[PDB]
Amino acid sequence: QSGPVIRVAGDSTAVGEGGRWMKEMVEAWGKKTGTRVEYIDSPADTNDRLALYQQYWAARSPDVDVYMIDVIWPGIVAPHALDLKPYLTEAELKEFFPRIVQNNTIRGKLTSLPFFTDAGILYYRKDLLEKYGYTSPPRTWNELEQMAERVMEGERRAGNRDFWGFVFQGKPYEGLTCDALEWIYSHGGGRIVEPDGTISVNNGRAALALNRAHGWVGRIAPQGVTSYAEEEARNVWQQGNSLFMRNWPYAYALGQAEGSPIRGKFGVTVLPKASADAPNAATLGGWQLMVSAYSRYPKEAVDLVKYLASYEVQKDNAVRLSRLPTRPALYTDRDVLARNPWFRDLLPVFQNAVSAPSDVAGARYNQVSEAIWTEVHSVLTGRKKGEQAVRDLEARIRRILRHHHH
């Protein structure tokens, strides 16, 4: 047909159904409104997407109108965002969780609408826990290790060469920062960089957390876990070859799909922690919808963003893709809850999720994060002990944030 073509970059066809579903939603809006649309695909890992989208932004490119942006990005991407505040009433904006709207608001600019939230959780094979005499998923990291060693011994003995105790995201990329924040915080080691700016990571609890994680590699987790992102972990788990997995909510719907080897065989719960008085750790993730400051079609782009962020599209995301709404009203919707009962069970885990240090690092967050995941990876690979790594990380972050004030 004719008129503007509204072009969207967001999510990836390389991560679950997200890219496919996103294209479907954008096509549905185009059909509803009689507007031409195009979907531009992205790489799997968030930090690779940031670099791709930065090419467009540095160019002031009009070739993408709407970007799906990570929770950790507002402080970096704000100059490239159209301020959405004038386009939403106060009532419309209050329909989203205020913490996420606050996150997305930089120096008063509403950079982006909340789309879906995210929190790290523990996936567990309930069939296998029952087989090996366990009644509850593990609450402590020591329990997780003990269960993993026992179930692995038994499943290996029964003939499954492919079977592991635990998979997670050990690749050097942003997902490892997420995993590592959960390890450190759940050992009482802090937030790596505190909201006040204190770089706190050089402490014995953070070091222990990293040594613990090294101890999994090649033992209860595959040697190759040091190259796993979300999907590599998910594919071991989904084939039936891991007792436990750390991952985000999206993996639940995919594991329940017809033809999944593990359909009906798993539950989810909060990640374990070092001891009963440590805090629960679930890293806060999630994605927002930004209209490009370079879009030639801001009114149409805003209309698309409000549609994607609407109740019925977020509902579809919850029901079909098990991704977490940013609208509190959806957590009381009968159909969302009947499909995903665990959304009610773990709502307090999602509410108490711990943010990575993107607010305090602001536009330097991707540099801080790269330091984190590289130093953590050096522990996972055995290159360094946790004590040295947290000392080296402290020094790196001090250099990166020197002269930065939030």
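Numbering starts at 1 and follows the sequence shown. Here, rigid core means the biggest group of C-alpha atoms that superpose within 1.5 Å across both forms.
Could you say which moves further from this form in 4 other deposited structures of this protein, stretch 374 to 382 or stretch 44 to 52, by root mean square CA distance after aligning on the core?
Once the cores are fitted, 44 to 52 deviates more in 4 other deposited structures of this protein.
Kindly name the stretch, out of 14 to 22 and 394 to 402, whose CA atoms are displaced more from this form in 4 other deposited structures of this protein after the core superposition?
When 14 to 22 and 394 to 402 are compared in 4 other deposited structures of this protein, the bigger C-alpha shift is seen for 14 to 22.
In the PDB record, does 346 to 354 or 53 to 61 carry the higher mean Cα temperature factor?
Between 346 to 354 and 53 to 61, it is 346 to 354.
Mean C-alpha B-factor comparison - 218 to 226 and 88 to 96, higher one:
Looking at the recorded C-alpha B-factors, 88 to 96 comes out higher on average.
Specify which of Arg334, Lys315, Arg327, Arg263 carries the largest Cα B factor in the deposited PDB entry.
Of the candidates given, the C-alpha B-factor peaks at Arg263.
Of the options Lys171, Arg234, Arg205, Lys299, which has the highest CA B factor as deposited?
Highest C-alpha B-factor among the listed residues goes to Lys299.
Among all modelled residues of this chain, ranked by Cα B factor, put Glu375 in the bottom, middle or top third, i.e. lowest, middle or highest.
As the PDB entry reports it, the C-alpha B-factor of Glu375 lands in the middle third of its chain.
Where does the C-alpha B-factor of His187 rank in its chain, lowest, middle or highest third?
Lowest third.
Ranking the modelled residues of this chain by C-alpha B-factor as given in the entry, is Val291 in the lowest, middle or highest third?
Middle third of the chain for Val291's C-alpha B-factor.
Cα B factor band for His80 (lowest, middle or highest third within the chain)
CA B-factor rank for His80: lowest third.
Can you tell me which third, lowest, middle or highest, the CA B-factor of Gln367 falls into for its chain?
Within its chain, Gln367 is a middle-third residue by C-alpha B-factor, going by the deposited values.
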